[PDB]
Structures are given as C-alpha cells and as structure tokens.
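Data first, discussion second: the structure below is written as structure tokens.
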Amino acid sequence: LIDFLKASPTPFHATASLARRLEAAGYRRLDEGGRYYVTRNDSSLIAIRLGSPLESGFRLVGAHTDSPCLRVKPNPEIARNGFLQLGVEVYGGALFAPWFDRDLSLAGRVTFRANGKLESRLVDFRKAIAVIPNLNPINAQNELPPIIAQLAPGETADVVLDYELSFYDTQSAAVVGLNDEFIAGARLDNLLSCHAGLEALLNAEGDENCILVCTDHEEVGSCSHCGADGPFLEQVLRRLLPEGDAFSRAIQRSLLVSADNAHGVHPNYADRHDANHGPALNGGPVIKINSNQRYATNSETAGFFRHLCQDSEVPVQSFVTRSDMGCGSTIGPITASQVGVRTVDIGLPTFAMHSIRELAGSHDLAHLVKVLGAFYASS
Amino acid sequence: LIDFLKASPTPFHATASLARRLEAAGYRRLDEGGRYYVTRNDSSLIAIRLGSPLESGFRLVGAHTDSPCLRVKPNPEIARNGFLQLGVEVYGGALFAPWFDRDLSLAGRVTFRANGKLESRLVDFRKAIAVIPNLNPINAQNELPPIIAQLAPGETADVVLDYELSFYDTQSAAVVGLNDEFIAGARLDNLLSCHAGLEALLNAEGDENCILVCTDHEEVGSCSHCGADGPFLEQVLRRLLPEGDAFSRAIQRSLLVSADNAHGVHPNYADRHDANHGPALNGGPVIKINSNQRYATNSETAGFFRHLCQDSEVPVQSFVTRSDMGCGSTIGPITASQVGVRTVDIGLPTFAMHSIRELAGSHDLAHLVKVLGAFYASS
Amino acid sequence: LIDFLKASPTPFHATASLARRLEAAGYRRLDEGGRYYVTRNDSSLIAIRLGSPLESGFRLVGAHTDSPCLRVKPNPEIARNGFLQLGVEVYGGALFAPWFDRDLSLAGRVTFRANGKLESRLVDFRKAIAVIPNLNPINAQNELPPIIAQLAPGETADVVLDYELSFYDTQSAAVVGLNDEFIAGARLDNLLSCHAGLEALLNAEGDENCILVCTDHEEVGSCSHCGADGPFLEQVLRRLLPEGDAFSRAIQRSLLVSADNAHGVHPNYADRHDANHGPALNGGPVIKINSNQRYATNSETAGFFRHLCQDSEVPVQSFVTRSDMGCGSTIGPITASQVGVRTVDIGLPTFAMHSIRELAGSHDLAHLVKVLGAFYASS
C-alpha cells in the first residue's frame, strides 16, 4: 500500500505518549467557515469545522485518547531491599505485560504556584518477575510497582523530580514499528489512539463543504463520565439559538460515528468469534450488538456506512461478539448517544488490546482515512 | 478542636434522625446578595448565596443526607409467636448491628387527604438475636424485621399509629456522644450526615464576597438518580440567560467539592490500606482514584485543595484504596460532574461506616469547617 | 558506573542473537604461548591459552550460550484464518512474554548440497493474545505459534525463504538498552549470554602467565548432554601424554569456575529468599547448595573465591535458595565436575530470567571482568 500515512501515527504515538500528550500532539497539527477546537480539561478535544446551518445536521465522529496503563499513585515512596519503587494504580484493563518493557513516567504535574505542566521521555522504570520459584490466581497489587532508583543512604529545565507528583502514568518507550515479513501489521499503543489521530488527519484532508466534528476524550476505558459522557452540549452546539430549536432538529439531521477497535478471528483463539469476523489489513467492521452490551448501530446506520464504504471502494466487515460470550465495551458513542444522534459504531481489526503492543494491520488505516473522509461529505 | 462546634452536630443528628429530618433540621438553621434555598423532594437541598456574575464561576460543594438504615415496608404486619413485627427493606449498605440498639420509626407520612407530614422520637423497636444455637452465610430477610408490639387478641397529636406506612425508616436513638479517654473521637450516624451540616455551618460563617452553593441530596448510598444525579441544572443556574452561555463559561470557571468519608488505617485491619492513609483527628484527605472506581479529583484539583489547606494551616492527607482492592464508591460529585465542573473529592477520616455508630475523630470537624470556609473565598 | 565495557555486550547480544550466532560473535573477537580454540558443533566453544605445564594445573571457567526461546519446528506450515503461522517448540524455560515482542527467525540452515549456513535480522514475527474474553491453567501449544505472513491464494543473497527449516529459533529484536533513572540496570537476553562474552573479554585482558580455559557450550537450559556435559576430555587436555598422568595430577591442581546468574531479593517477591541474598549492581555471589539441588562450591572453593575477590576489591555475596524451596538449576559446571575439578559456582545478581528482557544491574559486569581477570593470574 502506502508507507507514508502509516509513518504518521508512528511519530504521533511517540509524541502522543499519553492521553494529554495525545491532546498536546492533537492540537499542534490540528490548526490551519470556521475551524475552531475546545480543549477544556486538556484531555478532551472537540474539533468543529463550519461550511450547523440548522437543516444540514452535523457530521459527528470521535474516539477516546486514554489507554489502559499504570497510573503512578499520589506519593508512593516504596523503599524495599535497597530499591526505590513507585506504587501504581491499575488504570483501565488488566493483562500481564506491563511486566518488562522500557517504561517511562509522563503527564501533567501541578507545581508550587497553582500551575500545571507536563513532561516525559527517557527510560527510567521497570517491572521484574519471578522465574525459578517454579510453575507460575496471580497478580495482586504487590507485583506491579516498578523500580526507579537503586541506592542508599545518601552518601524544560525541570526541578530534579522530588515529590509534587501526579495524575501521572507509565508507558513503554520503544517507538512504534512496522512488523510481519512484508507490511502485514505493526503498532504499539493505538488503543483508540491513532483513531484520535487518523480522524484528525481527516478533518484537514476532507473536502470542505459541510459541518464536521472531531470529538476526542478520556475515561472511556474506565467509565467515560466527565469528558466522554456529558456534557457534549454547548461544546458542539454553541451557534445560533441556545437550546430551543438548536438541538433536536439539527441532531436528528446528524450522524455520529465511533472509531473503536474490532478484534477479528485470532489464529490461535479461533473459538472466540463466529461467522462474521474481521482479519487485519481490512476496512472498518460495522460492529452490531443489542443483546447484553447494546452498542448503537441500527438498520439505517449499518446501511449508511456500508454503501458509503462501497461507493469509495470497500471492504467493509461486521460483528465482534458471540451469542453466549461478549462483555460491556461501552466504547464512547452509545453513552454519547444521549445527545440524540444515530451512531455508527465501527473500528479497526486489532487483537492483543489493552496492553502496550502487538497485532494491528498496516493497511486498515488506508481504508479508515478514506470512507470517513468520504463521510465528511454528501447529504 | 474546640468542644463547641463538636456540640453542634450532636443535637443536629438527634434532629437529623433521617434524610428528610436532616432536611428539616437543615433549613431551620440555614436561614438569615441573595441567600435562597431549594428543597424540591423535601430531601434534596441546594443553598445558593449571591455576592454567578458570569466570569466569576461558582463555588459548588455538597454531600448526601441519607444513610444505610432499615426502611419499613409498605404494610408489613408480621404477627408471629405473639409478637408483632414490621418487615424491613435492606436500604443502603449491609452489616450486622442494626441488630440490637434502641430503634425508632421515623419519616414523612401521607395522611388521608393527599397530605404528607413527618414524626419520630421514643424507643419502640428492637432486633433480637440467637445465642445458644452454638457457633454463628448468615442473615437473609427473616432475621432483620424488628419487634414493636407483644400481645393478643385485643381483650403533634397524631393518629394512634395504624396503617399508612409512608416511606418510613428505623434508626437507633441513643444520642451522639464523645468517646475516647480524652477527646480523640466520637460520633454515631454522620454517614455524610454532619457533612450536610458542617457545610451548612459554613455557608453562614464564610466571608461574604462570591457565589457559594451547598448541595445536599438523597440516594447516593443507593444509586443517586433523582436528587443526587441530575438535574442539578436550573436549580443552580436560574439566573441571567437560560442555557446558552449561562452554563459552560460559568461552570468551567467553577469548582465543585465533595464532602465524603475517608477510612484511614484500621488498627486491627492494617492490611486494607497502603502508604498514604488517614488516621482520625486530621484534615480532609484528598481521595484520588481513576482505576476501577474513578472518582473525580485531578492534577489541578488536588493541588488547588492542598495549597488552600496549607495556607489556612493543614494537615491535608490522601488516598483510601488499594491497587488490587477498592470497590464502587460513586459518592455524589463524579456523577454530578455531568454538569461539567472540576470536582474535589475529599472527606473525613472515619471507619466503621454504613452502620449506626463507632469511630470518627473529634478534631477533623475543626479542620473541615476551616479550609472549606476559606474555599468560599478568592479566585 | 562504567559505560564503556557495558557498551560491549550490547552490540554483542545483537550479533549474539542465538547460541550459534553467539558462537560466531564469540570467535570473531576471540582471536589474537598458544591461544587456540575449539568449535566442534559450532555452538560449544573452548578457548585454551598456554603460558598445562603438568604441576601448574588449569584455570577453567565457563558458561552456556543458549537461552530459553521459541524454536521453530521442522516444517510447521499453519495456515489459519488467512494468517500464515510457524509452530514452535517450548525450548528451555516457560513464562508468558515471548507473547508480544518484535520476534525474528535465526539459526544455521542446511541447504540442498549438504551445507550449513546461518542468517538473521529484521522483524517478521509476532505473538498476539486474547483480551475481551474476560478474566485471564493457561497456555497449551496452540497459543505460542507466531504469525509471519498474511494473504491468500497467490494471485547474503539468500533463497527467498521456502521450506528448509534448519534447527531454527525466534528472538525479539529491540536491541539491549540501559535502564533505570541513572545507570542502575539494563539488559535483554544475557541468560548466561554475556557471561559467554565478559569471560571472553577476559581471556584477552588478563595478564599472560598461566594456562587459562574459556569453555562455552549449549543445552544447559535443557539437559547439558552433548557439549555441556562430556566429553570435555581431549578438548582441554590435548597436550603431553594421552590420559595416563595427563589428567588427575593436572585437574586436581586445577580450579573450574561457573559464571551463572543469581537472583537476589525481589522488591515484590521478598519472601523468595532468606538472610543472604544479592541485589543488583554487585559482585558475583558465591552460590552454595548441597540439599536437593547440590551445586559444586565447597569450603576451599568459597574461601578461594572470596579472598580473591577481596584482594582485588569486593563486594562478594552469597546464596540463592531457601531451605524449603529451590529446584534443579544444574548450571553447567557440576555436571562438568565429572572431569574431576573443584568448581566455583558464582554468577551475577539478576531476576526475571528465562525470558527476553528485564532486570540485570549495570555495575555487576565491572566486578565480573575484575576478580575473574585476577583469577586468571593465580600463583
């Protein structure tokens, strides 16, 4: 395919090391008939572009910024066996590795003067494991805290480091790289990261004609709450009349899209899907659930994002769950459907989620830039 | 730590016997550049005080009125073994005692004329236990219903008692008393009760300059729903412009604070916390969770309510959970963050929660009255 | 610390990607009163240096080349779900990750003409995992096979790749890197790798006077058998008289040393050692077991390699097991004691073994180059 737009989220992920570092790298490119953006919490971004003219509706689309990682506790000074450690919260999903990896502290730090500022880069932390203690319920708090320093007793300029810590996380460095024998997969983080990037690489590439909204946020991998689930109001509809006939008429003429991450049949875990699947290196699968998870995506939603894909060349896929299996996955738009908009719940074929690497096709992004760019047009 | 402001929630809790009896004892003191209050359901109170002037924001703060207790069923006439009993619902948290205690019926009663009126006071009920049936899953419905009357067959003026059981609860009488050898703890109910009183003893004590909101409610110890989780709108913002630019600009210039209850290391259950804790007789600990409970409290929230505590003399503490442990605790503001305000989730060092007595320092209230009173000023 | 000799095994490990690629990187540096070396299987190296003169004895020392990794099967073509896979054998130890990582195929390929030749480099493989299938005995064959190619049906110059699968393994690419906040640890592979390198960087650095032997091999992480456990005979003693008085007299005047890997107290797994431990950034710990593992190292062995460490500046440590715990660890010399030589079983403080990264101090190598270099001169 093309290794030019694939070489865009790679340096992005390095700069978008976290949710707010993603936010920082988000607006640094996303700038230059309006084209304004709102930052609010410095983690939830909404990019509005004018060409709503009331009876034209909106073209909403969005994905979260945060990803399951290790959040450093308030002041977690753990000095054991001559090793300095920083206790961590199990933010988001679980899984093993975390264990091993480069590891680096990142995020905002409010200094002594009521002032917030962020900093990152350089390998400083690690999570060691047991081995010879033979065959290995495991993992309970006192296993995940990483090692930073190693000495005793004591015999961006940035203040050394000290104790003014946090809302701070830990991410593995080793920059994103292309994998497989040819070019059939890559990626490290990209847990709706890059989805909060390729969508941004679309709001400046799509043909200018109608109103388009790029809504990135935080907390989806937890609850969504403040930022990802209310209030989307006023942040989007700030134009022409407060809340009388400004909403309803416009939002019912609108169409929201979510850029999530579908799994697709695992070559080793083949008995985790059925019939309709979604292997890597393919277009965005239309995810349809109503049972005990209930995403959005209805009749006139799947059809309006399958023909829209076919017109600008496919392949569009479907499904992610099982009749017996399937859990939660309240991915952004569905809790954001409380606005009053029909939501297209799609994504990209990607397994080994909620971790710090492994499996995600190097072709799906070429289909995600198109179609969604074509979505940014026509009525 | 003066024995004068501590002798204020003691008679308060006696009058604030329930959620609506707290509401009644709330507005009776909370009265006399506005200073109005809304009651709505007669259980959810919002005290607004004017000095928002748009670009000044709000100074929101609140805590729920209700507490885990035994609510009497609709018409639960249980006559067994010559004893008259009233079946009860397991409202809120669980625990044993409830068992024993004085016990008294309370709440608002809707009489025959579409009219509601409340009444309480005097010991009438009790919950007896088994003993000689040897070593003692226990507790399942038929164990909690208390005994009121004891006879057969039949051989505020207030109608005798009869059958019109309101929405009626049961609380232990024995009024709040000071404990420990000196004055190092006390308290009975105070499950965010007193927090809906000390905050009220702050809205009339804080220096008059800016707009301040005291928001008490019900159902947090259940789900929050109607009263504690939407709509906070119009109840707070009823002034200057409907919902166009009245919100957003003002609420982003605002700062919400929650007055909860932190645990702090138990001298017997030491392995329920880590590093950062919060023993009794101390200032409000900054509770920080994002993992699988996700309260509010961010970077510029913890720092804005730690320096504000230090300026008016500390000690401010932190944390309440473990990396492996920790469950729910959707305490008020966090579900109320759906308004769109940054929330400080603090509280008071107190264990033996969700019951009818035991452990809560007699010094923490002297720090909670200050700091939060100092929060009611400056920008 | 010293970051010059530490920047030597880093490019070494990149070239010493396998056991025989270690062998290749071994002799390429280890060349230029004899100084000959034997290769035999192209995996077991013995470096002899003359200055035995019968009554002078030998100064034997050694460590294995191989490390627990995923060896590709004979012809394991697994085409599932449009993905091409290569089935792997669980060579050596177990553990998770392997899972994820860069992954690359390597080893000596025997081409069509009775001719063996090795090749490596570049990321081609990956091992993906399950996530949303909820809480995660796990791992049994059909989970470890990595993904190489991804397409169907078909619509050093080196032969493409085809089907002639050698004796071929898979290792993670991401080159060795320095870790911690300062310089308090690093390392990726180094599972007695680098021990088959720092010892090589000693046979050319030690003062020339007596006979010194550097004996590296394969299979210790399996059984030892051919290469690591007999016959060491004739490979070492090839000089002056066959096997009458050439051995016995010389080997009893000799002293063998093993360069293994000690654990040292884990900051999270503190209850896996007792009293005598060995934290990272320290000299070689004298490992002493006789119970149900029985390594070598006796009275005049521990004392002869503790005073020899103290004379050339310490710190020398001790122990690795527990009275109740401890398993196998038949590390090289002990099965090589069948020659008839007293063996010093030492190593380097390093946990998170038998995997492809994590923990190993960046100071221990500066102590391992010394002492053992001072051992190369004993009178």
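Chain labels run A, B, ... following the order of the structure tokens; each chain numbers its residues from 1, and ligands are numbered from 1 in the order shown.
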
Discussion item. Please identify all residues of chain C having at least one atom at most 7 Å from any atom of chain A, considering only C-alpha atoms, and return them as a ChimeraX atom specification.
Written reply: /C:80-81,83,100,123-126,128-131,142-143,148-150,179-181,184,265,267-268,351-353,357-359

Item to complete: Tell me which protein, DNA and RNA residues are within 6 Å of residue 285 of chain C, counting only C-alpha atoms, leaving out same-chain ones fewer than 6 positions away, and put them as a ChimeraX atom specification.
Response: /C:316-318,346

Worksheet item: Expressed in Å to a single decimal, how great is the separation between atom CA of residue 255 of chain B and atom CA of residue 47 of chain A?
Response: 25.2 Å

Item to complete: Give me the residues within 12 Å of residue 110 of chain C as a ChimeraX atom specification, counting only C-alpha atoms and dropping any in the same chain fewer than 2 places off.
Response: /C:107-108,112-119,163-168

Item to complete: as a ChimeraX atom specification, please: all residues of segment 111-239 of chain B that backbone DSSP puts in strand (DSSP E or B).
Response: /B:111,115-119,126-127,147-149,169-171,212-215,217

Generate a file of the selected residues that holds C-alpha atoms, formatted as an mmCIF file, in the first residue's frame.
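Below is the file again35.cif, written as the result:
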data_model
loop_
_atom_site.group_PDB
_atom_site.id
_atom_site.type_symbol
_atom_site.label_atom_id
_atom_site.label_comp_id
_atom_site.auth_asym_id
_atom_site.auth_seq_id
_atom_site.Cartn_x
_atom_site.Cartn_y
_atom_site.Cartn_z
ATOM 1 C CA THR B 111 -52.427 11.030 55.544
ATOM 2 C CA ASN B 115 -51.040 15.440 52.593
ATOM 3 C CA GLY B 116 -47.595 14.430 53.904
ATOM 4 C CA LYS B 117 -46.260 15.012 57.433
ATOM 5 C CA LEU B 118 -43.286 13.652 59.431
ATOM 6 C CA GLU B 119 -42.939 12.349 63.021
ATOM 7 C CA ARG B 126 -35.716 -3.973 68.599
ATOM 8 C CA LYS B 127 -33.874 -6.719 66.688
ATOM 9 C CA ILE B 147 -40.297 -6.320 67.172
ATOM 10 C CA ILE B 148 -42.734 -3.498 68.040
ATOM 11 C CA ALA B 149 -45.714 -4.895 69.998
ATOM 12 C CA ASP B 169 -37.418 4.090 58.337
ATOM 13 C CA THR B 170 -35.912 2.897 61.646
ATOM 14 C CA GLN B 171 -32.948 4.486 63.476
ATOM 15 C CA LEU B 212 -21.478 29.777 47.047
ATOM 16 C CA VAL B 213 -23.608 26.627 46.680
ATOM 17 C CA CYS B 214 -24.376 23.985 49.333
ATOM 18 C CA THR B 215 -25.927 20.954 47.596
ATOM 19 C CA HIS B 217 -29.341 15.254 48.440
#

Worksheet item: So which residues touch residue 275 of chain B within 9 Å, counting only C-alpha atoms, skipping near sequence neighbours fewer than 5 positions away, as a ChimeraX atom specification?
Response: /A:75-78,87 /B:319

How would the residues just chosen look if you wrote them out with C-alpha atoms as a CSV table (one decimal), in the first residue's frame?
chain,number,residue,atom,x,y,z
A,75,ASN,CA,3.2,9.9,46.8
A,76,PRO,CA,4.0,6.2,46.6
A,77,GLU,CA,7.6,6.1,48.0
A,78,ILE,CA,8.3,2.3,48.5
A,87,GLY,CA,3.2,2.3,43.7
B,319,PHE,CA,-5.8,8.1,49.3

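The backbone trace of chain A, superposed onto chain B over all C-alpha atoms paired in order, deviates from it by an RMSD of 0.2 Å.
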